[PDB]
């Protein structure tokens, strides 16, 4: 393995990856990433990036790994490799409480919908909704989405369910918002949970993350770390 593993994360997706008041990285990805590094007996440099720059950065070797609620998708498996699943991640719409909005083309035609640049939600939204005349708006970071949502510049936003809920709906910014309809299940766009994104040729590094991850799951470090943030089964199936 490298002496120092450089891990890219988008620090705008609480409670997975965000900054505290003094600019330190916090959230479940950071705790997963630090624990794994600990067991791998390597050093880990955290690197902040816009989400859409992480895969490009990994391919260019500016970073060695991505831990950024990165969904394991068939599209992304063409370009990069992944650890074993870190946690599940479903997609779900939010709008102003008592919006009639549903994640359907019929509900959203006319409306302004925020999605993260580079995300699965952007892929789903662009193909299903933007083509069909929904005003789908793509943002550098999820904080700009929540801000344009509370500004009234966006009718709704699509992102990871658990990010919206712990990161927005249950924080002071989101008290006037709710989920708009149920989660959107779609195998092709949304992938099979999140993992560490790695260069396809880094077989050793993948082997090292996968070994650390099973180890922390066998001894209950995982549920202990998860209970900090979640009162449910974040790992999923």
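Residue numbers count along the first chain shown, from 1.
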Between 211-219 and 20-28 (mean CA B-factor, as deposited), the higher: 211-219
225-233 or 5-13, whichever carries the higher mean Cα B-factor: 225-233
Candidate residues 155, 161, 143, 122, the one whose C-alpha B factor the record puts highest: 155
Top residue by Cα temperature factor, when 71, 107, 117, 77 are compared in the entry: 107
Record-listed C-alpha B factor of residue 43: chain third: highest
CA B-factor placement of residue 99, once the chain's modelled residues are sorted into thirds: highest
Ranked C-alpha temperature factor of residue 185 among modelled chain residues, by third: middle
Chain third (lowest, middle, highest) by recorded CA B-factor, residue given as residue 51: lowest
Third assignment of residue 61 from its chain's C-alpha B-factors: middle
